[PDB]
Amino acid sequence: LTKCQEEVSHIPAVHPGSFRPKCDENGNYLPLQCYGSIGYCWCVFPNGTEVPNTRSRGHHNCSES
């Protein structure tokens, strides 16, 4: 596992009211993350750190390779 796959395991899909991460084909944080409970998203680096000022009202075309 990874910190992503751990947090995605430990925060179940029954997250409405909170954030839940997402992960890629290499177990790293998916380059787009979404706080579905408010419908917001941001881009992240593979380590899960937000890409500055991407935090917005919906999805964007991040490096999701």
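Structure: see above.
Cut-offs applied
Residues numbered from 1 in each chain as written, not as in the entry; some residues may be left out. Heavy atoms only, no water. Helix = DSSP H or I, 4+ residues; strand = E, 2+ residues; numbered from the N terminus. Pairing = 2+ DSSP bridges.

**Examining unusual backbone geometry**
Item 1. With a phi close to 65 degrees, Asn-53 is a non-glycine residue in the positive phi region.
Item 2. In this structure, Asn-53 sits in the segment after strand 2 (40-43).
Item 3. Positive phi values are uncommon outside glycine, yet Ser-65 reaches one of about 25 degrees.
Item 4. Note that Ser-65 resides in the segment after strand 2.

**Brief notes about the pairing of strand 1 (residues 32-35)**
Item 1. Relative to strand 2, strand 1 runs antiparallel, the two sharing four bridges. Note on strand 2: the bridge partner recorded for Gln-33 is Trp-42.
Item 2. Linking strand 1 back to strand 2 in an antiparallel pair, the connection comprises four residues, with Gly-39 at a positive phi of about 70 degrees.

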